[PDB]
Structure formats: structure tokens, C-alpha cells
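Raw contents of start38.cif, mmCIF, C-alpha atoms and all ligand atoms:
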data_my_file
#
loop_
_atom_site.group_PDB
_atom_site.id
_atom_site.type_symbol
_atom_site.label_atom_id
_atom_site.label_comp_id
_atom_site.auth_asym_id
_atom_site.auth_seq_id
_atom_site.Cartn_x
_atom_site.Cartn_y
_atom_site.Cartn_z
ATOM 1 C CA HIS A 1 48.110 148.929 123.334
ATOM 2 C CA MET A 2 44.579 147.964 121.895
ATOM 3 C CA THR A 3 42.468 144.815 121.927
ATOM 4 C CA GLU A 4 41.625 143.214 118.588
ATOM 5 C CA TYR A 5 38.091 141.897 117.970
ATOM 6 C CA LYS A 6 37.496 139.914 114.792
ATOM 7 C CA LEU A 7 33.960 140.413 113.447
ATOM 8 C CA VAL A 8 32.133 138.928 110.455
ATOM 9 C CA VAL A 9 29.018 140.409 108.845
ATOM 10 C CA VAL A 10 26.901 137.737 107.107
ATOM 11 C CA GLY A 11 23.472 137.610 105.454
ATOM 12 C CA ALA A 12 21.680 137.609 102.083
ATOM 13 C CA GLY A 13 22.747 139.842 99.200
ATOM 14 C CA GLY A 14 21.081 143.234 99.389
ATOM 15 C CA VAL A 15 20.307 143.447 103.132
ATOM 16 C CA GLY A 16 22.848 146.196 103.827
ATOM 17 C CA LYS A 17 25.956 144.446 105.152
ATOM 18 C CA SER A 18 28.234 146.868 103.279
ATOM 19 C CA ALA A 19 26.112 149.877 104.106
ATOM 20 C CA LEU A 20 26.162 149.079 107.845
ATOM 21 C CA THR A 21 29.907 148.481 107.782
ATOM 22 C CA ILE A 22 30.562 151.709 105.848
ATOM 23 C CA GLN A 23 28.340 153.606 108.183
ATOM 24 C CA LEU A 24 30.403 152.331 111.168
ATOM 25 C CA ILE A 25 33.767 153.179 109.507
ATOM 26 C CA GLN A 26 32.919 156.411 107.634
ATOM 27 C CA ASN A 27 29.767 157.833 109.134
ATOM 28 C CA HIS A 28 28.032 158.027 105.771
ATOM 29 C CA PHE A 29 25.326 156.105 103.947
ATOM 30 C CA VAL A 30 26.339 154.565 100.619
ATOM 31 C CA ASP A 31 23.434 154.075 98.102
ATOM 32 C CA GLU A 32 25.437 151.757 95.908
ATOM 33 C CA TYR A 33 28.494 149.826 96.974
ATOM 34 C CA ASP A 34 29.706 147.160 94.585
ATOM 35 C CA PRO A 35 27.777 144.026 95.773
ATOM 36 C CA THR A 36 30.833 141.904 94.944
ATOM 37 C CA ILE A 37 33.460 143.605 97.209
ATOM 38 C CA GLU A 38 34.271 141.204 100.058
ATOM 39 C CA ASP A 39 36.937 142.807 102.251
ATOM 40 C CA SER A 40 37.976 143.606 105.774
ATOM 41 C CA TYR A 41 38.045 146.942 107.481
ATOM 42 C CA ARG A 42 39.449 148.262 110.733
ATOM 43 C CA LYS A 43 38.009 150.670 113.229
ATOM 44 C CA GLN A 44 39.484 151.894 116.444
ATOM 45 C CA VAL A 45 36.819 152.621 118.997
ATOM 46 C CA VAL A 46 36.726 152.871 122.820
ATOM 47 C CA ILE A 47 33.963 150.586 124.197
ATOM 48 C CA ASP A 48 33.478 150.614 127.981
ATOM 49 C CA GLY A 49 36.939 152.147 128.510
ATOM 50 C CA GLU A 50 38.764 149.568 126.386
ATOM 51 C CA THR A 51 40.473 150.692 123.146
ATOM 52 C CA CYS A 52 39.270 148.151 120.542
ATOM 53 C CA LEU A 53 40.615 147.545 117.091
ATOM 54 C CA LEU A 54 37.740 145.969 115.195
ATOM 55 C CA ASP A 55 38.761 143.731 112.268
ATOM 56 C CA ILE A 56 35.511 143.385 110.295
ATOM 57 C CA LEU A 57 34.873 141.155 107.307
ATOM 58 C CA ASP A 58 32.062 142.410 105.112
ATOM 59 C CA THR A 59 31.172 139.175 103.356
ATOM 60 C CA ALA A 60 29.980 138.961 99.699
ATOM 61 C CA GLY A 61 29.066 136.117 97.304
ATOM 62 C CA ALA A 62 30.239 132.482 97.036
ATOM 63 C CA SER A 63 36.931 132.348 99.110
ATOM 64 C CA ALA A 64 40.152 131.778 101.093
ATOM 65 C CA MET A 65 39.631 135.010 103.073
ATOM 66 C CA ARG A 66 36.092 134.073 104.132
ATOM 67 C CA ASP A 67 37.098 130.564 105.220
ATOM 68 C CA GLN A 68 39.699 132.017 107.645
ATOM 69 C CA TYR A 69 37.338 134.687 109.035
ATOM 70 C CA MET A 70 34.638 132.072 109.545
ATOM 71 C CA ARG A 71 37.086 129.765 111.383
ATOM 72 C CA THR A 72 38.822 132.508 113.387
ATOM 73 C CA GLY A 73 36.115 135.222 113.671
ATOM 74 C CA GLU A 74 35.004 135.814 117.233
ATOM 75 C CA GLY A 75 31.545 137.227 116.620
ATOM 76 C CA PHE A 76 28.971 137.470 113.874
ATOM 77 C CA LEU A 77 26.401 140.015 112.796
ATOM 78 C CA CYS A 78 23.627 138.046 111.090
ATOM 79 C CA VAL A 79 21.821 140.671 108.997
ATOM 80 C CA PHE A 80 18.408 140.566 107.294
ATOM 81 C CA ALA A 81 16.303 143.470 105.985
ATOM 82 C CA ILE A 82 12.895 144.132 107.571
ATOM 83 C CA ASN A 83 11.357 144.432 104.097
ATOM 84 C CA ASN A 84 12.916 141.211 102.753
ATOM 85 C CA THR A 85 11.095 138.160 104.136
ATOM 86 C CA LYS A 86 13.384 135.807 102.311
ATOM 87 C CA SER A 87 16.527 137.367 103.905
ATOM 88 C CA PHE A 88 14.919 136.762 107.277
ATOM 89 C CA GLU A 89 14.151 133.154 106.405
ATOM 90 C CA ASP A 90 17.716 132.732 105.209
ATOM 91 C CA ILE A 91 19.079 133.620 108.714
ATOM 92 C CA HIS A 92 18.641 129.969 109.729
ATOM 93 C CA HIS A 93 21.163 128.941 107.057
ATOM 94 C CA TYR A 94 23.750 131.513 108.108
ATOM 95 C CA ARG A 95 23.375 130.556 111.729
ATOM 96 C CA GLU A 96 23.708 126.830 110.825
ATOM 97 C CA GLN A 97 26.933 127.423 108.949
ATOM 98 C CA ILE A 98 28.380 129.387 111.857
ATOM 99 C CA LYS A 99 27.387 126.656 114.364
ATOM 100 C CA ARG A 100 28.968 123.967 112.174
ATOM 101 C CA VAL A 101 32.290 125.764 111.714
ATOM 102 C CA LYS A 102 32.435 126.428 115.508
ATOM 103 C CA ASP A 103 31.009 123.050 116.544
ATOM 104 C CA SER A 104 28.921 125.011 119.082
ATOM 105 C CA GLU A 105 25.486 126.646 119.707
ATOM 106 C CA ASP A 106 27.171 129.206 121.871
ATOM 107 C CA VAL A 107 28.856 131.589 119.422
ATOM 108 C CA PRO A 108 28.768 135.348 119.886
ATOM 109 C CA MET A 109 26.193 136.665 117.463
ATOM 110 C CA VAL A 110 23.663 139.454 117.092
ATOM 111 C CA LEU A 111 20.561 139.326 114.896
ATOM 112 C CA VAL A 112 20.299 142.579 112.957
ATOM 113 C CA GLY A 113 17.120 143.721 111.231
ATOM 114 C CA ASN A 114 18.227 146.452 108.781
ATOM 115 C CA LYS A 115 16.385 149.148 106.702
ATOM 116 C CA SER A 116 14.228 150.251 109.609
ATOM 117 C CA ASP A 117 13.669 153.562 107.832
ATOM 118 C CA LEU A 118 11.641 151.886 105.029
ATOM 119 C CA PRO A 119 7.875 151.758 105.134
ATOM 120 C CA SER A 120 5.618 148.789 105.601
ATOM 121 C CA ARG A 121 8.037 146.226 106.913
ATOM 122 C CA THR A 122 7.212 142.592 106.082
ATOM 123 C CA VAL A 123 9.087 141.125 109.087
ATOM 124 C CA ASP A 124 7.542 142.351 112.352
ATOM 125 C CA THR A 125 9.741 143.124 115.400
ATOM 126 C CA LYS A 126 8.032 140.254 117.235
ATOM 127 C CA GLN A 127 8.995 137.691 114.539
ATOM 128 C CA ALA A 128 12.602 138.837 114.868
ATOM 129 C CA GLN A 129 12.395 138.814 118.651
ATOM 130 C CA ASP A 130 11.027 135.216 118.480
ATOM 131 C CA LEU A 131 13.898 134.102 116.333
ATOM 132 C CA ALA A 132 16.640 135.790 118.443
ATOM 133 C CA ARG A 133 15.054 134.314 121.586
ATOM 134 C CA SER A 134 15.190 130.778 120.253
ATOM 135 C CA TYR A 135 18.855 131.297 119.308
ATOM 136 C CA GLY A 136 19.693 132.949 122.693
ATOM 137 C CA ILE A 137 21.047 136.136 121.049
ATOM 138 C CA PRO A 138 20.234 139.856 121.009
ATOM 139 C CA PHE A 139 18.057 141.394 118.304
ATOM 140 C CA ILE A 140 18.873 144.961 117.192
ATOM 141 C CA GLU A 141 16.962 146.987 114.544
ATOM 142 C CA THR A 142 19.135 149.256 112.364
ATOM 143 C CA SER A 143 19.048 151.710 109.528
ATOM 144 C CA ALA A 144 22.338 152.189 107.686
ATOM 145 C CA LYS A 145 20.570 155.193 106.116
ATOM 146 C CA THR A 146 19.820 157.119 109.265
ATOM 147 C CA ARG A 147 22.553 155.341 111.338
ATOM 148 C CA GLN A 148 19.913 154.306 113.895
ATOM 149 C CA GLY A 149 21.127 151.207 115.788
ATOM 150 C CA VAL A 150 24.418 150.918 113.936
ATOM 151 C CA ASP A 151 26.794 151.532 116.835
ATOM 152 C CA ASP A 152 24.428 149.587 119.041
ATOM 153 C CA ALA A 153 24.763 146.483 116.825
ATOM 154 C CA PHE A 154 28.525 146.575 116.759
ATOM 155 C CA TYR A 155 29.013 147.496 120.405
ATOM 156 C CA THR A 156 26.593 144.791 121.458
ATOM 157 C CA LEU A 157 28.527 142.235 119.423
ATOM 158 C CA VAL A 158 31.780 143.301 121.133
ATOM 159 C CA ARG A 159 30.012 142.815 124.479
ATOM 160 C CA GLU A 160 28.728 139.383 123.467
ATOM 161 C CA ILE A 161 32.292 138.363 122.561
ATOM 162 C CA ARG A 162 33.504 139.419 126.040
ATOM 163 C CA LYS A 163 30.675 137.556 127.721
ATOM 164 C CA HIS A 164 31.893 134.465 126.032
ATOM 165 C CA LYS A 165 35.687 134.697 126.306
ATOM 166 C CA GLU A 166 38.340 136.721 128.128
ATOM 167 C CA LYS A 167 39.755 139.447 125.894
HETATM 168 N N1 LIG B 201 16.643 152.663 102.830
HETATM 169 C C1 LIG B 201 17.679 151.908 103.186
HETATM 170 N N2 LIG B 201 18.405 151.319 102.229
HETATM 171 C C2 LIG B 201 19.484 150.620 102.566
HETATM 172 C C3 LIG B 201 19.801 150.373 103.968
HETATM 173 N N3 LIG B 201 20.891 149.570 103.999
HETATM 174 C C4 LIG B 201 21.263 149.384 102.726
HETATM 175 N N4 LIG B 201 20.384 149.955 101.879
HETATM 176 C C5 LIG B 201 20.376 149.847 100.394
HETATM 177 O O1 LIG B 201 20.147 148.471 100.074
HETATM 178 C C6 LIG B 201 21.028 148.083 98.998
HETATM 179 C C7 LIG B 201 21.960 146.971 99.425
HETATM 180 O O2 LIG B 201 22.923 147.502 100.361
HETATM 181 P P1 LIG B 201 24.347 146.803 100.458
HETATM 182 O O3 LIG B 201 24.961 147.597 101.594
HETATM 183 O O4 LIG B 201 24.957 146.808 99.085
HETATM 184 O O5 LIG B 201 23.979 145.247 100.719
HETATM 185 P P2 LIG B 201 24.910 143.958 100.910
HETATM 186 O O6 LIG B 201 24.803 143.150 99.653
HETATM 187 O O7 LIG B 201 24.261 143.243 102.084
HETATM 188 O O8 LIG B 201 26.273 144.521 101.189
HETATM 189 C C8 LIG B 201 21.800 149.344 98.595
HETATM 190 O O9 LIG B 201 21.050 150.030 97.593
HETATM 191 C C9 LIG B 201 21.735 150.219 99.817
HETATM 192 O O10 LIG B 201 21.775 151.603 99.528
HETATM 193 C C10 LIG B 201 18.974 151.034 104.959
HETATM 194 O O11 LIG B 201 19.196 150.864 106.193
HETATM 195 N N5 LIG B 201 17.935 151.754 104.521
HETATM 196 MG MG MG B 202 28.070 144.123 100.221
#
Hey, can you dump this file as C-alpha cells for me?
Ligand SMILES: Nc1nc2c(ncn2[C@@H]2O[C@H](COP(=O)(O)OP(=O)(O)O)[C@@H](O)[C@H]2O)c(=O)[nH]1
Ligand SMILES: [Mg+2]
Amino acid sequence: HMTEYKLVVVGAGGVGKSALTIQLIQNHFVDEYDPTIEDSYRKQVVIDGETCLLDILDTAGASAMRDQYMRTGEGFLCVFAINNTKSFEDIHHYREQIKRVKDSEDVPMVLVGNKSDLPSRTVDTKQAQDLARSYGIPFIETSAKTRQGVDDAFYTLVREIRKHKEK
């Protein structure tokens, strides 16, 4: 009685992959979550009248688990932090890896700019928009601290997966 959606959260160390994921599952902000825990979580959530069981891999480091989620994951959150220019620059590499594993430029994906609550961003919203536009994907700004944008990011990914394949 539910539809399963397999999601993978990727991006540089420190950007808030775990904090976003924990926020979605537990509705709290974690200051410090072991930066080495790579694991999968499950959330049941009704999105547009469909009961979804999200199977989410929170990636960490560099794994037999990750290989399978990369091959069989249906959508990707590609996360950078708006105060980490290098994490933004790194997106290209995460997107390239995903394209290669899928042999496709048409993979459900959302670009996520995290830590929107922090002052004096170094990556402007227009830089991120430019990048998401060239990739043909949505850009969503989040804060795992305030929860701004968190459900938006995950719901939008679910919708991008549907736009791409029957579920
Ligand atoms: N202020 C703020 N800090 C955050 C946010 N997201 C994560 N952090 C902090 O940034 C650090 C890295 O977060 P983490 O979730 O471990 O990153 P990961 O390596 O990508 O899983 C931790 O100290 C978090 O508390 C956010 O949206 N706002
Ligand atoms: Mg982590």
C-alpha cells in the first residue's frame, strides 16, 4: 500500500547533508552528527495524495551500499552550502558522477543551496540559478537550522522523479 522512492543526498563534506536528512525525518536540527555515518533512512509522507515511503541514502566519505544506491537511486539531492564556494564548485563533479552511472543527462535531481540562515553568503542565488538552469534542474535554498526549504527540496525531488518515470 505505499510507493517507494529511492533518494540519494550527495555533496561535499560539511554542507549539511545529514542535517537536512535529520530535519526531514525528525523535525530537529542537529549541530553535530558524526561526519562519517553513511546510512539510509525511511520516511512515510503523503505527497499529492500518494503515500510515499522515501528510502534516503545520506552519503558520507569515500562503499558497497553507496554503489548500489548510485546505480539504483531514482533521484538525487546535490547539496552545497551558500557560504562554501568550494562546495558549490564541487557540484559539477557530483553531477558528472551521477550522469556517468546513469549514462544520461536526464536524471531526476535538485540543486540545494543549504545554510541560508548564515550571514554574508559567498554563492549568490543568481550563480546557483545559472548552474541549475544549465543542468535543467530546480534550485531550492534551504536551512536545516530553521527548516526553511527542507520539505520543498524533498517534495520537489519526488515530483522530478515522477516527471521522469511512472511510479
Ligand atoms: N547554520 C547552519 N548550520 C548548518 C546547516 N546545515 C548544517 N549545518 C552545520 O554544518 C555542519 C555540517 O553539517 P552535516 O549535516 O554534518 O554535514 P554533512 O557532512 O554534509 O552531513 C554541522 O555543524 C551542522 O550543524 C544550516 O542549514 N545552517
Ligand atoms: Mg553527514
For the atom pair CA of residue 111 (chain A) and CA of residue 35 (chain A), what is the interatomic distance in Å to one decimal place?
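One can read the CA of residue 111 (chain A) to CA of residue 35 (chain A) distance as 21.0 Å.
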Between atom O5 of ligand LIG 201 (chain B) and CA of residue 43 (chain A), what is the distance in Å, rounded to a tenth?
19.6 Å
Could you list, as a PyMOL selection string, every residue matched by the PyMOL selection byres (((chain A and resi 9) around 7) and not hetatm) in this structure?
chain A and resi 7-8+10+17+57-59+76-78
Take the residues from that selection and write them out as a PDB file, keeping the file's coordinate frame, keeping C-alpha atoms.
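Okay, out.pdb is ready:
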ATOM      1  CA  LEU A   7      33.960 140.413 113.447  1.00  0.00           C
ATOM      2  CA  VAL A   8      32.133 138.928 110.455  1.00  0.00           C
ATOM      3  CA  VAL A  10      26.901 137.737 107.107  1.00  0.00           C
ATOM      4  CA  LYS A  17      25.956 144.446 105.152  1.00  0.00           C
ATOM      5  CA  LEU A  57      34.873 141.155 107.307  1.00  0.00           C
ATOM      6  CA  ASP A  58      32.062 142.410 105.112  1.00  0.00           C
ATOM      7  CA  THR A  59      31.172 139.175 103.356  1.00  0.00           C
ATOM      8  CA  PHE A  76      28.971 137.470 113.874  1.00  0.00           C
ATOM      9  CA  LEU A  77      26.401 140.015 112.796  1.00  0.00           C
ATOM     10  CA  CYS A  78      23.627 138.046 111.090  1.00  0.00           C
TER      11      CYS A  78
END
Considering all atoms listed in the file, return as a VMD selection string whatever protein or nucleic-acid residues lie within 7 Å of residue 157 (chain A), sequence-local ones (same chain, fewer than 6 positions apart) excluded.
chain A and resid 75 108 to 110
Using all atoms listed in the file, which protein or nucleic acid residues are at most 10 Å from ligand MG 202 (chain B), as a list in words?
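Listing the residues within 10 Å of ligand MG 202 (chain B) gives residues 9, 10, 11, 12, 13, 14, 15, 16, 17, 18, 19, 20, 21, 22, 32, 33, 34, 35, 36, 37, 38, 39, 58, 59, 60 and 61 of chain A.
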Identify all residues satisfying the PyMOL selection byres (((chain A and resi 105) around 12) and not hetatm) in the given file; provide them as number ranges by chain.
A: 95-104, 106-109, 134-137, 164
Please enclose the listed atoms of ligand LIG 201 (chain B) in an axis-aligned box, pad each side by 8 Å, and write out the centre and the three edge lengths in Å, rounded to one decimal, as JSON.
{"center_x": 21.5, "center_y": 147.9, "center_z": 101.9, "size_x": 25.6, "size_y": 25.5, "size_z": 24.6}
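Note that CA of residue 55 (chain A) and CA of residue 162 (chain A) are 15.4 Å apart.
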Can you work out which one of A:31, A:153, A:74, A:158 has the shortest atom-to-atom distance to ligand LIG 201 (chain B), counting all atoms listed in the file?
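Answer, going by the shortest atom-to-atom distance: A:31.
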Determine the nearest neighbour of ligand LIG 201 (chain B) from the options A:159, A:147, A:1, A:115, counting all atoms listed in the file.
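Residue with the minimum atom-to-atom distance to ligand LIG 201 (chain B): A:115.
In this comparison, which uses all atoms listed in the file, the residue of A:69, A:94, A:139, A:80 approaching ligand LIG 201 (chain B) most closely is A:80.
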Which residues, named as in the file, does the PyMOL selection byres (((chain A and resi 44) around 10) and not hetatm) pick out? Answer as a tab-separated table (two decimals) with C-alpha atoms, keeping the file's coordinate frame.
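Generated output (selection07.tsv):
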chain	number	residue	atom	x	y	z
A	2	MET	CA	44.58	147.96	121.90
A	3	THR	CA	42.47	144.82	121.93
A	4	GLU	CA	41.62	143.21	118.59
A	25	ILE	CA	33.77	153.18	109.51
A	42	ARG	CA	39.45	148.26	110.73
A	43	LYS	CA	38.01	150.67	113.23
A	45	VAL	CA	36.82	152.62	119.00
A	46	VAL	CA	36.73	152.87	122.82
A	47	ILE	CA	33.96	150.59	124.20
A	51	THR	CA	40.47	150.69	123.15
A	52	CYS	CA	39.27	148.15	120.54
A	53	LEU	CA	40.62	147.54	117.09
A	54	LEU	CA	37.74	145.97	115.20
A	55	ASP	CA	38.76	143.73	112.27
Please produce region 92-104 of chain A, completed to N, CA and C atoms, as a PDB file, in the frame of the given file.
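result-v1.pdb was written with the following content:
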ATOM      1  N   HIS A  92      18.462 131.340 109.276  1.00  0.00           N
ATOM      2  CA  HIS A  92      18.641 129.969 109.729  1.00  0.00           C
ATOM      3  C   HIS A  92      19.870 129.348 109.071  1.00  0.00           C
ATOM      4  N   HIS A  93      20.027 129.542 107.762  1.00  0.00           N
ATOM      5  CA  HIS A  93      21.163 128.941 107.057  1.00  0.00           C
ATOM      6  C   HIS A  93      22.479 129.565 107.480  1.00  0.00           C
ATOM      7  N   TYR A  94      22.494 130.880 107.727  1.00  0.00           N
ATOM      8  CA  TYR A  94      23.750 131.513 108.108  1.00  0.00           C
ATOM      9  C   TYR A  94      24.110 131.088 109.514  1.00  0.00           C
ATOM     10  N   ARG A  95      23.106 130.962 110.384  1.00  0.00           N
ATOM     11  CA  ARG A  95      23.375 130.556 111.729  1.00  0.00           C
ATOM     12  C   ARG A  95      23.882 129.102 111.734  1.00  0.00           C
ATOM     13  N   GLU A  96      23.305 128.248 110.890  1.00  0.00           N
ATOM     14  CA  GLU A  96      23.708 126.830 110.825  1.00  0.00           C
ATOM     15  C   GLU A  96      25.170 126.670 110.415  1.00  0.00           C
ATOM     16  N   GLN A  97      25.560 127.382 109.371  1.00  0.00           N
ATOM     17  CA  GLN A  97      26.933 127.423 108.949  1.00  0.00           C
ATOM     18  C   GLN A  97      27.890 127.859 110.057  1.00  0.00           C
ATOM     19  N   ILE A  98      27.505 128.891 110.801  1.00  0.00           N
ATOM     20  CA  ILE A  98      28.380 129.387 111.857  1.00  0.00           C
ATOM     21  C   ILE A  98      28.514 128.311 112.932  1.00  0.00           C
ATOM     22  N   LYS A  99      27.383 127.736 113.372  1.00  0.00           N
ATOM     23  CA  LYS A  99      27.387 126.656 114.364  1.00  0.00           C
ATOM     24  C   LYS A  99      28.287 125.472 113.963  1.00  0.00           C
ATOM     25  N   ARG A 100      28.224 125.109 112.689  1.00  0.00           N
ATOM     26  CA  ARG A 100      28.968 123.967 112.174  1.00  0.00           C
ATOM     27  C   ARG A 100      30.463 124.225 112.215  1.00  0.00           C
ATOM     28  N   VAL A 101      30.886 125.361 111.662  1.00  0.00           N
ATOM     29  CA  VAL A 101      32.290 125.764 111.714  1.00  0.00           C
ATOM     30  C   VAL A 101      32.804 125.848 113.167  1.00  0.00           C
ATOM     31  N   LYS A 102      31.980 126.315 114.104  1.00  0.00           N
ATOM     32  CA  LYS A 102      32.435 126.428 115.508  1.00  0.00           C
ATOM     33  C   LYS A 102      32.171 125.191 116.359  1.00  0.00           C
ATOM     34  N   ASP A 103      31.440 124.229 115.809  1.00  0.00           N
ATOM     35  CA  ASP A 103      31.009 123.050 116.544  1.00  0.00           C
ATOM     36  C   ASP A 103      30.374 123.451 117.901  1.00  0.00           C
ATOM     37  N   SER A 104      29.445 124.402 117.867  1.00  0.00           N
ATOM     38  CA  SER A 104      28.921 125.011 119.082  1.00  0.00           C
ATOM     39  C   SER A 104      27.625 125.791 118.788  1.00  0.00           C
TER      40      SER A 104
END
